[PDB]
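Those letters in the sequence shown? Residues 10 to 741, per our numbering, in order.
Here a beta-carbon is modelled for each residue, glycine too, at the ideal position from N, C-alpha and C.
Comments concern the structure below.
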Amino acid sequence: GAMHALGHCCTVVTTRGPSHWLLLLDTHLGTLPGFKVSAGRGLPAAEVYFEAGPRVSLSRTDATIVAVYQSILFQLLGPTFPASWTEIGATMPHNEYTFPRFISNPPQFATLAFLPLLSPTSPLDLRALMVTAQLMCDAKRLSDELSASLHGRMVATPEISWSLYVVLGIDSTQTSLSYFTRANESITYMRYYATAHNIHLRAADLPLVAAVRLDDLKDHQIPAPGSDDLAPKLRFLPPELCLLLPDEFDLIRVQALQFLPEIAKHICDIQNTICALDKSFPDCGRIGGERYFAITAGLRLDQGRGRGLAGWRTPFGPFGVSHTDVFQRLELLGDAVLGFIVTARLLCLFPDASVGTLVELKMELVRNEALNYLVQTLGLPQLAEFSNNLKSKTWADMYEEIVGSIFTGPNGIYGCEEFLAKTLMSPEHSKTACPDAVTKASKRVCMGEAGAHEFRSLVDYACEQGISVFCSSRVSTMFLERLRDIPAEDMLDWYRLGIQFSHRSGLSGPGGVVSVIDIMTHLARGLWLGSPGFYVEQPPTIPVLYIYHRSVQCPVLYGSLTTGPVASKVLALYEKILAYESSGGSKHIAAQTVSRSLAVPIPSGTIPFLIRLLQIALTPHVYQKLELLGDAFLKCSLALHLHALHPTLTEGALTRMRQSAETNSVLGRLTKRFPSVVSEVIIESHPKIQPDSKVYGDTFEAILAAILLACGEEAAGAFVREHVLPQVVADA
Ligand SMILES: [Mn+2]
Ligand SMILES: [Mn+2]
Ligand SMILES: [Mn+2]
Ligand SMILES: [Mn+2]
Ligand SMILES: [Mn+2]
Ligand SMILES: [Mn+2]
Ligand SMILES: [Mn+2]
Ligand SMILES: [Mn+2]
Ligand SMILES: [Mn+2]
Ligand SMILES: [Mn+2]
Ligand SMILES: [Mn+2]
Ligand SMILES: [Mn+2]
Numbered sequence: 010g011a012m013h014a015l016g017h018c019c020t021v022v023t024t025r026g027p028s029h030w031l032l033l034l035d036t037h038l039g040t041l042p043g044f045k046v047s048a049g050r051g052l053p054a055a056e057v058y059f060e061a062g063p064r065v066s067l068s069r070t071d072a073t074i075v076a077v078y079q080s081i082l083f084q085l086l087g088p089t090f091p092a093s094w095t096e097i098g099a100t101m102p103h104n105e106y107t108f109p110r111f112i113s114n115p116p117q118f119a120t121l122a123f124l125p126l127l128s129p130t131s132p133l134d135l136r137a138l139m140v141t142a143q144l145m146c147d148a149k150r151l152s153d154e155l156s157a158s159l160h161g162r163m164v165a166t167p168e169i170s171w172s173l174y175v176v177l178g179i180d181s182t183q184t185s186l187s188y189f190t191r192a193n194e195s196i197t198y199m200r201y202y203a204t205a206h207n208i209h210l211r212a213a214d215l216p217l218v219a220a221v222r223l224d225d226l227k228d229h230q231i232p233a234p235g236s237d238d239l240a241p242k243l244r245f246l247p248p249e250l251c252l253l254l255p256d257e258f259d260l261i262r263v264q265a266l267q268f269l270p271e272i273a274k275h276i277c278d279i280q281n282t283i284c285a286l287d288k289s290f291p292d293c294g295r296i297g298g299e300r301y302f303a304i305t306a307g308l309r310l311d312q313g314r315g316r317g318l319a320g321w322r323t324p325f326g327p328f329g330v331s332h333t334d335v336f337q338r339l340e341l342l343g344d345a346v347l348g349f350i351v352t353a354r355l356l357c358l359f360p361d362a363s364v365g366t367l368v369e370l371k372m373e374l375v376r377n378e379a380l381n382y383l384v385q386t387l388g389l390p391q392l393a394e395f396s397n398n399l400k401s402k403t404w405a406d407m408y409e410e411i412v413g414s415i416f417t418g419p420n421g422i423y424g425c426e427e428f429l430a431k432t433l434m435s436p437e438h439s440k441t442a443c444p445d446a447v448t449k450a451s452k453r454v455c456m457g458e459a460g461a462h463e464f465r466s467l468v469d470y471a472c473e474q475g476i477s478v479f480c481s482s483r484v485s486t487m488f489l490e491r492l493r494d495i496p497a498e499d500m501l502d503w504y505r506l507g508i509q510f511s512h513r514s515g516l517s518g519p520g521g522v523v524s525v526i527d528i529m530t531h532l533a534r535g536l537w538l539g540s541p542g543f544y545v546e547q548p549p550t551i552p553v554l555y556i557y558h559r560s561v562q563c564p565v566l567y568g569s570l571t572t573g574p575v576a577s578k579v580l581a582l583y584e585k586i587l588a589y590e591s592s593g594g595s596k597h598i599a600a601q602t603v604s605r606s607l608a609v610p611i612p613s614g615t616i617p618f619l620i621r622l623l624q625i626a627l628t629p630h631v632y633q634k635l636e637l638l639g640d641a642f643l644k645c646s647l648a649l650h651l652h653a654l655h656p657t658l659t660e661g662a663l664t665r666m667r668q669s670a671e672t673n674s675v676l677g678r679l680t681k682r683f684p685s686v687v688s689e690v691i692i693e694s695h696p697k698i699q700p701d702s703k704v705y706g707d708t709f710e711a712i713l714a715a716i717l718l719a720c721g722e723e724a725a726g727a728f729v730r731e732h733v734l735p736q737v738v739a740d741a
């Protein structure tokens, strides 16, 4: 293009070596997922690796010198390919796309050009191109112009479809006047070319060229001066037909060039997939190539059929990871964080619930049965394609894998929170005329004119009409009683927070629907996202605020500490837990010694709160819920750390791995490595207990939660990598 041109260091790799090219796109496609092409239509199997580079600028004059090189390439490609890279992709048979069923005609198509590179680092040379165009211009026939200096050189027959051949030497045994036979018939080459092609050979008296067609020499090695290793495919052709290609166009280039059409198809495929499925597949915030590979990993559940996933090419992620392997490890991780977020939020949504029922409720929301239904309402089954010769996989797994994708993508844990809040609660989860006095309240709620009793009326109504806004009948029922326990002066703020979130999520306008179902839903999402803390049973309220430690904030929903309608509640609880009169005996000392033994940098002035929780973690009947949360986080943090440390490992390995460092005996050991003052306090609280007890293990889990709650997600995850990760036992 003009200046609008982005570089990529495209590399085609065959059995015989690597070939380097500079791809130029006029479109931001981020990084392009490499792919590998199957054993070919006259070409060998190969692998194509990309990597983004400079943002190269081109003057009009230079851009047209590129255009020249292009046409040199198109000519070598032969008359079978339209002389435009766009037209090559934009006429692919549908069965060559990654999604033949969703071929969506993009408004734009990309505009690409290819240029040679001597190495993946050498700069773009424009003067070089012009020389190559000059040498091609000058390049003469074999008649004008030894059979050891021609060995391995590229030659094309421009009078006959511009086919490409590799010269093995000159066979003086025969001449265009010589004969060759096809069973029952013997003709002279000179007569053949006249009979078939309407070519009347001039220099007929010259010795034929012993060459082999590029189509035929699939991956085979070229022979020496001719000791001729594989000769049932050898061909002899008149020297006046062979146009000798310049030294730049060696065997390596010319073959790699046969794959450039696939790279054009790939970029084309990427673009289609995006503007066909980008709006129907939960948003991870990726763009271009990576968004493609995400949708591919996410919906192409099986592997290709012989030839490949998309046509003859099968895309792979970083470190040569199968798109299936990706889905496999993103499901594992996604499953692990869904557990974390659901734990942390249920913990606050039902502050009074026991660890017993929190666990029960989680499994009601994460259960296959439920996720399976959630995936149906997303309409993924319709888009997912597989050959059912792929057994143990479930619809429900798509949900987990998505959460994984969203998490590991640019949107972060914020994306996951958003995706869960859109999907676990939704008006689509109940059934439905309604009384008079109820429509009046609903109307008043929507235009902000609503107050205390209007909500009461609406709750009490839904509370008896059995309205379920969660994808669980138990959770929905339990949500309704949590609502009765919430001060009606508060409900207007929760609702606003819910509708606010619904708006930014793109699933509503600023106004609600004016139904008790929609109102019931918004109340839910508010309270899901924003409930401030949970109670530790018999002792104040522990505030959940690890979100405000996030290095990227979201004032629209959560606000800031210095103070909204939610932030204020959280802050309130925070100030009350500090002011708690510290009866600091030996526990308070253990808290302090733990406070400094974290071997990990914590945020500033966060200590006094950490001590308070570390105390709770170290008291006997109270750690229960902190343990629950710590357990949850540890799985998810460890899953992450391993996911990163082992880019090529799949479901089985990564599971067996983190399970080995998550066991109660293992965590217990780590608790004993703290100053003996800590072990002392544990044995002091629990009379006559033994080194193999469950309690050491669980207090570690409890401590991890204390760190998470008081210092935030990155401090807690640091503490995991520094202390828990080194205990993971290799599968070898
Ligand atoms: Mn079409
Ligand atoms: Mn003729
Ligand atoms: Mn990954
Ligand atoms: Mn409760
Ligand atoms: Mn599985
Ligand atoms: Mn699963
Ligand atoms: Mn009650
Ligand atoms: Mn809007
Ligand atoms: Mn555990
Ligand atoms: Mn690995
Ligand atoms: Mn005990
Ligand atoms: Mn435990």
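{"Asked": "Buried or exposed for residue 189, please, with buried defined as at least 16 other CB atoms from any protein chain shown within 10 angstroms of its CB.", "Found": "exposed"}
{"Asked": "If you pair each beta-carbon of the stretch 273–290 with each one of the stretch 234–250, do three or more pairs fall below 8 Å?", "Found": "no"}
{"Asked": "Over what stretch of residues does the alpha helix (DSSP H) that includes residue 467 continue unbroken?", "Found": "461–471"}
{"Asked": "Are the CB atoms of residue 715 and residue 647 within a distance shorter than 7 Å?", "Found": "no"}
{"Asked": "I'd like to check one pair, residue 677 with residue 639: are the Cβ atoms closer than 7 Å?", "Found": "no"}
{"Asked": "Measuring from each Cβ to the nearest heavy atom of ligand 6, keep the ones under 6 Å and list them in chain order.", "Found": "340, 344, 406, 409"}
{"Asked": "Helix, strand or coil for residue 216 per DSSP?", "Found": "strand"}
{"Asked": "Excluding the five sequence neighbours on either side, which residues of its own chain have a C-beta within less than 6 Å of the C-beta of residue 141, listed in chain order?", "Found": "257"}
{"Asked": "Is residue 47 helix, strand or coil when you go by DSSP?", "Found": "coil"}
{"Asked": "Tell me whether residue 640, by its Cβ, gets closer than 6 Å to a heavy atom of ligand 12.", "Found": "yes"}
{"Asked": "Exposed or buried, what is residue 527 when buried is set at 16 or more other beta-carbons lying within 10 Å of its beta-carbon?", "Found": "buried"}
{"Asked": "Taking the DSSP output, what are the residues bridged to residue 16?", "Found": "33"}
{"Asked": "Three-state secondary structure (DSSP) at residue 543?", "Found": "strand"}
{"Asked": "Count the other C-beta atoms from every protein chain shown that fall within 10 angstroms of the C-beta of residue 37, then say buried if there are 16 or more, exposed otherwise.", "Found": "exposed"}
{"Asked": "Measuring CB atoms only, is the stretch 169–187 touching the stretch 206–222, in the sense that at least three cross pairs come out at less than 8 Å?", "Found": "yes"}
{"Asked": "Say the cut is 6 Å; is the CB of residue 695 nearer than that to a heavy atom of ligand 11?", "Found": "yes"}
{"Asked": "Among 535, 404, 336, which residue has its Cα nearest to the Cα of residue 431?", "Found": "535"}
{"Asked": "At the level of alpha carbons, what is the spacing between residue 261 and residue 25?", "Found": "7 Å"}
{"Asked": "At which residue ranges does the stretch 502–545 contain complete beta strand (DSSP E) runs of 3 or more residues, listed in the order of the chain?", "Found": "542–544"}
{"Asked": "Quick test of the definition: if touching needs 3 or more C-beta pairs under 8 Å, does the stretch 401–415 touch the stretch 374–388?", "Found": "yes"}
{"Asked": "In or out: residue 624 buried (at least 16 other Cβ within 10 Å) or exposed?", "Found": "buried"}
{"Asked": "Look at the Cβ atom of residue 541, then the Cβ atom of residue 596, and state whether they are nearer than 7 Å.", "Found": "no"}
{"Asked": "At a Cβ threshold of 7 Å, is residue 708 touching chain C?", "Found": "Considering every chain present, this structure includes no chain C. It has just one protein chain."}
{"Asked": "I'd like the list of long-range same chain contacts for residue 459, defined as Cβ closer than 6 Å, with 5 residues on each side in sequence excluded.", "Found": "453"}
{"Asked": "Taking Cβ to Cβ, would you say residue 44 is nearer than 7 Å to residue 324?", "Found": "yes"}
{"Asked": "In terms of residues, what are the limits of the alpha helix (DSSP H) holding residue 453?", "Found": "445–455"}
{"Asked": "From residue 632 to residue 727, what does the alpha carbon distance come to, in whole angstroms?", "Found": "22 Å"}
{"Asked": "Any heavy atom of ligand 7 inside 6 Å of the beta-carbon of residue 494?", "Found": "yes"}
{"Asked": "Between residue 124 and the rest of its own chain, which residues show a CB-CB distance below 8 Å, the 5 nearest in sequence each way excluded?", "Found": "30, 31, 33, 75, 78, 133, 138"}
{"Asked": "Judging by CA-CA distance, which residue of 546, 668, 658 is the nearest neighbour of residue 752?", "Found": "Residue 752 is absent from the structure shown; the chain starts at 10 and stops at 741."}
{"Asked": "Out of 108, 165, 70, state which residue places its alpha-carbon closest to the alpha-carbon of residue 135.", "Found": "70"}
{"Asked": "Taking only heavy atoms of ligand 4 into account, decide whether any of them is closer than 6 Å to the Cβ of residue 488.", "Found": "no"}
{"Asked": "Can you list the beta strand (DSSP E) stretches of 3 or more residues lying completely in the stretch 259–338, in chain order?", "Found": "322–326"}
{"Asked": "If you reduce the DSSP assignment to three classes, tell me which class residue 27 lands in.", "Found": "strand"}
{"Asked": "Thinking residue 480 and residue 433 are a contact (beta carbons under 8 Å), I'd like their distance in whole angstroms, please.", "Found": "6 Å"}
{"Asked": "Within 6 Å: the Cβ of residue 378 and any heavy atom of ligand 9?", "Found": "no"}
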